[PDB]
Amino acid sequence: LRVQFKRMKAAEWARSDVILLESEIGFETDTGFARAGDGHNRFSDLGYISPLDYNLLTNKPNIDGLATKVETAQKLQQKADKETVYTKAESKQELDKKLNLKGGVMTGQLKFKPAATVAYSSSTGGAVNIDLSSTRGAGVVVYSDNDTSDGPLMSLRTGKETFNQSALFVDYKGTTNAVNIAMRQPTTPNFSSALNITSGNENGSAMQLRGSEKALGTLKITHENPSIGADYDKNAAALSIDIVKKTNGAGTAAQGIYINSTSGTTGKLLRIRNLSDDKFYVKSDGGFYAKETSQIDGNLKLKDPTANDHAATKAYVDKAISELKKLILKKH
Amino acid sequence: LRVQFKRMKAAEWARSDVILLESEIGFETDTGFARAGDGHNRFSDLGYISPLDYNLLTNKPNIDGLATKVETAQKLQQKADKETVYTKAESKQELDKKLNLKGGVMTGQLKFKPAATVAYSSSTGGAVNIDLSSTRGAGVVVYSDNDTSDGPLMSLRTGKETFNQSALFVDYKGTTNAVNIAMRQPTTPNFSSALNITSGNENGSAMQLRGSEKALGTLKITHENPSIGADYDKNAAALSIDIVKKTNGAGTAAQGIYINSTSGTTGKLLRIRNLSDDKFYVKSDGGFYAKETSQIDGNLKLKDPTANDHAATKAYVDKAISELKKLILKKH
Amino acid sequence: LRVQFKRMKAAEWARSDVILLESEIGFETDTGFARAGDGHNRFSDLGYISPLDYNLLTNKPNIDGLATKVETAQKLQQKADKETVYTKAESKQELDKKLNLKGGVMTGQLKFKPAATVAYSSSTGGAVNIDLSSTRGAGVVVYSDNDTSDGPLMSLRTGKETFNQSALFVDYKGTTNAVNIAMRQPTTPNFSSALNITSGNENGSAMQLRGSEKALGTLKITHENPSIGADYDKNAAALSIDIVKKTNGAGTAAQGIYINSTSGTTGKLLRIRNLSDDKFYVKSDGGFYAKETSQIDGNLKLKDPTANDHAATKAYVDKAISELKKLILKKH
Ligand SMILES: OC[C@H]1O[C@@H](O[C@H]2[C@H](O)[C@@H](O)[C@@H](O)O[C@@H]2CO)[C@H](O)[C@@H](O)[C@H]1O
Ligand SMILES: OC[C@H]1O[C@@H](O[C@H]2[C@H](O)[C@@H](O)[C@@H](O)O[C@@H]2CO)[C@H](O)[C@@H](O)[C@H]1O
Ligand SMILES: OC[C@H]1O[C@@H](O[C@H]2[C@H](O)[C@@H](O)[C@@H](O)O[C@@H]2CO)[C@H](O)[C@@H](O)[C@H]1O
Ligand SMILES: OC[C@H]1O[C@@H](O[C@H]2[C@H](O)[C@@H](O)[C@@H](O)O[C@@H]2CO)[C@H](O)[C@@H](O)[C@H]1O
Ligand SMILES: OC[C@H]1O[C@@H](O[C@H]2[C@H](O)[C@@H](O)[C@@H](O)O[C@@H]2CO)[C@H](O)[C@@H](O)[C@H]1O
Ligand SMILES: OC[C@H]1O[C@@H](O[C@H]2[C@H](O)[C@@H](O)[C@@H](O)O[C@@H]2CO)[C@H](O)[C@@H](O)[C@H]1O
Ligand SMILES: OC[C@H]1O[C@@H](O[C@H]2[C@H](O)[C@@H](O)[C@@H](O)O[C@@H]2CO)[C@H](O)[C@@H](O)[C@H]1O
Ligand SMILES: OC[C@H]1O[C@@H](O[C@H]2[C@H](O)[C@@H](O)[C@@H](O)O[C@@H]2CO)[C@H](O)[C@@H](O)[C@H]1O
Ligand SMILES: OC[C@H]1O[C@@H](O[C@H]2[C@H](O)[C@@H](O)[C@@H](O)O[C@@H]2CO)[C@H](O)[C@@H](O)[C@H]1O
């Protein structure tokens, strides 16, 4: 037996009306495939003589180990996209432009414009609040070594006439000077001043000073000769006063120096000394003393003498002469 | 020949004891599948007559191109999760709340509380350190155009009596005034002062001033009439002094003006002029000069005259009279 | 019929020259596989009698649902890597080191070194610019409650002699004192001063003051007795002046107090009172008044008397005596 089977091309079977007997094999000549009869179905309705089911295969690949598009996408959706997020480098680049609380260097202007909760009161208020209670350094240190400039080191301005606080308030306890102004010996000379004050206020002193010294002056002024030359400073003074009219005024009636004691003092109201020796003084009652010969380009009105060293008046002289003239003419 | 084969249902083969001859075909009537004999195995132990090995298939899918769960997970593990990381927008939102070193606007309080390395000394110390050496602007510019307020523009306070530094130190070189206080002509008038100083310190002057002017006063004061009216300021003064007791004190012995030269000066100790003409002065030795008629409501003690223009004393008058009385009575 | 087929091992077929007839089955005894003849090809060139094409299988897996390495990699490439990006925690850790514009606490030094656009001029310049126009708090509040320190609360320094701005400028409008210095009654006593000024400048006053008061002094000084003891302050003064030579100088010619009116005043140039009663004064023309007995340790040069209360001169006395001597001797 060399057995051969009913056979033709797949497409010819496809339209054959031949019914294979149950288990009778038929052959597709162009595919090599067989199919077996069931006794009723046409060829195209028979299945192949061997399984075609993925689940019966051997050497299957690991389908279950492979990632699904859905599950991968869900996992990607939790991850941050490059474009919506700064790198470490761009983060640091941005942060290096900001000021550390530990400290840093400003190259531009720091403005304050408080919104003002209340901005407090005392040692806990202010837009800038500096507490040096636990440290030995300075608070605010401003300086310039520039040759010239357009602005002061520090400027304080108030714009409204009702303003009811000070520009600068110094409340000081300690053992040196609350406020100290040193104007160092000039090389190129200024025609100006350590401290300069002008007021146009007619209802208040330009400067007020109250002190309560046991044995010093409330204000102490010392002039020191700038030169070793004994008389170089001959036009200088410890205190100089001028009294002037208003530009285009008719003049002035202001006094130079006015001294009073509202409670009454027993001290000398004006005491002038040289080398610590009294030279001239006005006592608390208005009597004066002068150490040396003095001059008046005028007369002197005073009372009649009662002691030998009293200056005589014209009355006293005239009377003593008139007495002598009478007696001497003789008396009956 | 129409060949048919030993046949029955798969499940019936499954328990048949029939041994197919080597290569003899048997048919599963309900599956369509054949199996071929090996001459020993029961039907259920024969394999199908055609391969069932994934590796022999054609049109395989690209299994190797597909991603594995393991390898995807490893790759996801290097990526940043959305939730642990700021977006660019939230980054910028946070950074815009911080101050740029280039500059910016504070809306709240900046406090300093130095921890203090040493906080240095001189032109490199301070919690706030401003160096204007290479620029032409101002250092610290504080101002207010508010009508009223509860606090000063600037406040300096020291709390302990041992405190051994100044509240404010000005070390100045330059060509204008180190410190300048302008109190602008008021519209609504203050009863106060450009500069006001009080000290309760009995061992130190409230204010100390030293200068070394060639031809000016160490302190120069000018009063200017506030009005064009010649005598409007008739109660005004360039300098006014008061001398008062302590509240509930018995009084005071303090002097008004005390002038000394500890090294000895040849200048006039008190010089009073009007329109630049000497009117009254006290010389370095205590002699005074007065330009016009003067009055004492009292006597004047002085020495006996020796020149024609010297004031005479009662002694001198009495003696000259007593001489004339004698001579004239005549002498034996 | 029990049909058997041409058969041998796969490897033996592999080199057989037997040609199966068209559809004649041949069997591989070691694999179980059949192949069918085409009438020309050797065994090894026939295909199996049943399909081996993945596309004809049933129960296929969802290959299309699975993610490709390429497509996953493209998706991963858009995601940010953990290592190149800050977590929220490290972001906040960095940001907490920076200063909020809302406010914050500096623990280190804030330096300014302006690059200077121009740094402006007026109420819009300065490295630190504080505008309190809409608020009621203080501007700059510096204080210390430390026992001692190495630096001042505030320090202003200019290094070059040409410097042509002020260290401190106060431009004040308002109703209290522009600048106020309180030196609180000491418990441990300082030998120093509320305000201390030194100048080595020979071409400018150490301090300049101009005021235009209707009825006050430009400078007002009050000394108050520190004690209830009436004469405790007997060495004190409201104003004290000293006039000294330069260290290693030959001396000085400086004046003590110099008073002038450059425009001419009709006021009293020096007025001394006690309990508000005139005790001594120098009029605008140089005439003086003294309330009580006075003394000169010297002579007084003055003009010849013309009124009864005028002091007499030696000339006047000598002449009146010489007249009496003549008349009395009698006249022919
Ligand atoms: O910071 C600017 C404010 O200026 C205020 O106006 C006055 C100021 O009060 C006065 O002293 C002087 O400086 O002139 C100013 C106007 O030129 C304004 O009223 C206020 O609105 C601000 O512009
Ligand atoms: O006070 C404001 C102005 O002060 C001027 O200085 C003048 C001063 O006003 C004047 O009275 C006299 O003493 O000369 C002073 C110069 O030493 C400033 O020059 C000017 O800028 C204003 O700030
Ligand atoms: O510029 C004011 C200074 O004037 C000096 O007075 C000169 C005065 O100008 C001159 O006429 C002459 O009399 O010598 C005076 C000094 O002895 C003041 O001395 C000086 O202190 C300034 O006030
Ligand atoms: O910043 C507050 C500090 O105050 C210090 O106490 C004193 C201060 O020295 C004195 O001058 C006055 O201001 O009274 C204060 C107490 O009420 C404290 O000693 C210090 O602990 C701080 O609280
Ligand atoms: O010095 C601290 C206080 O100064 C007061 O001003 C007074 C001053 O004390 C007084 O002696 C007199 O001259 O009147 C001044 C007002 O012009 C302030 O009023 C007060 O707030 C304290 O700061
Ligand atoms: O408030 C102090 C001022 O007193 C003025 O003195 C007046 C004085 O009060 C009055 O009794 C009368 O004698 O006129 C005086 C002025 O001529 C001072 O003149 C003034 O400078 C202030 O000290
Ligand atoms: O901030 C330091 C600058 O100091 C300037 O030099 C002078 C200064 O002008 C003078 O007043 C005194 O302080 O001595 C200094 C030099 O020791 C320098 O010229 C400048 O280059 C800076 O170093
Ligand atoms: O002005 C700079 C210095 O002031 C000194 O204080 C001295 C002052 O100079 C002197 O003339 C006299 O009045 O004694 C003062 C002390 O009360 C400071 O001591 C010194 O640190 C310098 O800053
Ligand atoms: O240290 C300067 C103070 O001197 C006081 O003068 C004393 C003086 O030293 C003494 O010789 C004696 O005459 O008593 C004087 C006071 O009556 C000043 O009184 C004082 O104001 C300071 O200048």
# chains A, B, ... in the order shown; residues from 1 in each chain; ligands from 1

$ select_by_dssp --residues "region 29-172 of chain B" --states "alpha helix (DSSP H)" --output "number ranges by chain"
B: 69-77, 88-95

$ residues_around --residues "residue 68 (chain B)" --least-positions-apart "4" --cutoff "8 Å" --atoms "only C-alpha atoms" --output "ChimeraX atom specification"
/A:65-67 /B:72

$ write_last_selection --atoms "N, CA and C atoms" --output "PDB file, in the first residue's frame"
ATOM      1  N   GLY A  65       5.194  38.158  31.891  1.00  0.00           N
ATOM      2  CA  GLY A  65       6.292  39.015  32.348  1.00  0.00           C
ATOM      3  C   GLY A  65       6.389  40.363  31.625  1.00  0.00           C
ATOM      4  N   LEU A  66       5.571  40.544  30.600  1.00  0.00           N
ATOM      5  CA  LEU A  66       5.695  41.702  29.739  1.00  0.00           C
ATOM      6  C   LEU A  66       4.765  42.806  30.221  1.00  0.00           C
ATOM      7  N   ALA A  67       5.198  44.038  30.041  1.00  0.00           N
ATOM      8  CA  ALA A  67       4.463  45.192  30.508  1.00  0.00           C
ATOM      9  C   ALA A  67       3.355  45.578  29.525  1.00  0.00           C
TER      10      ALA A  67
ATOM     11  N   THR B  72      10.965  47.738  32.970  1.00  0.00           N
ATOM     12  CA  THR B  72      10.251  48.995  33.026  1.00  0.00           C
ATOM     13  C   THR B  72      10.297  49.564  34.419  1.00  0.00           C
TER      14      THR B  72
END

$ closest_atom_pairs --of "chain A" --to "ligand 5" --cutoff "12 Å" --atoms "only C-alpha atoms and all ligand atoms" --output "JSON lines"
{"residue": "A:122", "atom": "CA", "partner": "ligand 5", "partner_atom_place_in_ligand_line": "23 (O)", "distance": 12.0}
{"residue": "A:164", "atom": "CA", "partner": "ligand 5", "partner_atom_place_in_ligand_line": "21 (O)", "distance": 9.9}
{"residue": "A:165", "atom": "CA", "partner": "ligand 5", "partner_atom_place_in_ligand_line": "21 (O)", "distance": 8.2}
{"residue": "A:166", "atom": "CA", "partner": "ligand 5", "partner_atom_place_in_ligand_line": "23 (O)", "distance": 8.4}
{"residue": "A:167", "atom": "CA", "partner": "ligand 5", "partner_atom_place_in_ligand_line": "23 (O)", "distance": 11.5}
{"residue": "A:168", "atom": "CA", "partner": "ligand 5", "partner_atom_place_in_ligand_line": "23 (O)", "distance": 10.1}
{"residue": "A:169", "atom": "CA", "partner": "ligand 5", "partner_atom_place_in_ligand_line": "23 (O)", "distance": 7.2}
{"residue": "A:170", "atom": "CA", "partner": "ligand 5", "partner_atom_place_in_ligand_line": "1 (O)", "distance": 8.2}
{"residue": "A:171", "atom": "CA", "partner": "ligand 5", "partner_atom_place_in_ligand_line": "2 (C)", "distance": 7.5}
{"residue": "A:172", "atom": "CA", "partner": "ligand 5", "partner_atom_place_in_ligand_line": "1 (O)", "distance": 10.1}
{"residue": "A:203", "atom": "CA", "partner": "ligand 5", "partner_atom_place_in_ligand_line": "17 (O)", "distance": 10.7}
{"residue": "A:204", "atom": "CA", "partner": "ligand 5", "partner_atom_place_in_ligand_line": "17 (O)", "distance": 8.0}
{"residue": "A:205", "atom": "CA", "partner": "ligand 5", "partner_atom_place_in_ligand_line": "17 (O)", "distance": 9.0}
{"residue": "A:206", "atom": "CA", "partner": "ligand 5", "partner_atom_place_in_ligand_line": "17 (O)", "distance": 10.5}
{"residue": "A:207", "atom": "CA", "partner": "ligand 5", "partner_atom_place_in_ligand_line": "13 (O)", "distance": 9.2}
{"residue": "A:208", "atom": "CA", "partner": "ligand 5", "partner_atom_place_in_ligand_line": "13 (O)", "distance": 6.0}
{"residue": "A:209", "atom": "CA", "partner": "ligand 5", "partner_atom_place_in_ligand_line": "13 (O)", "distance": 7.4}
{"residue": "A:210", "atom": "CA", "partner": "ligand 5", "partner_atom_place_in_ligand_line": "11 (O)", "distance": 6.3}
{"residue": "A:211", "atom": "CA", "partner": "ligand 5", "partner_atom_place_in_ligand_line": "11 (O)", "distance": 9.3}
{"residue": "A:212", "atom": "CA", "partner": "ligand 5", "partner_atom_place_in_ligand_line": "11 (O)", "distance": 11.6}

$ residues_near_ligand --ligand "ligand 9" --cutoff "12 Å" --atoms "only C-alpha atoms and all ligand atoms" --output "JSON, numbers by chain"
{"A": [211, 212, 213, 214, 215, 216, 217, 218, 219, 220, 221, 222, 266, 267, 268, 269, 270, 271, 272, 273, 274, 275, 276, 277, 278, 279, 281], "B": [202, 203, 204, 205, 206, 208, 253, 254, 255, 256, 257, 258, 259, 260, 261, 262], "C": [191, 223, 231, 232, 233, 234, 235, 236, 237, 238, 239, 240, 241, 242, 243]}

$ residues_around --residues "region 5-12 of chain B" --least-positions-apart "4" --cutoff "8 Å" --atoms "only C-alpha atoms" --output "MDAnalysis selection string"
(chainID A and resid 23:24) or (chainID B and resid 16 25:31) or (chainID C and resid 2)

$ residues_near_ligand --ligand "ligand 8" --cutoff "7 Å" --atoms "only C-alpha atoms and all ligand atoms" --output "list in words"
residues 176, 177, 180, 181 and 182 of chain A; 208 and 210 of chain B; 191, 192, 193, 196, 197 and 198 of chain C
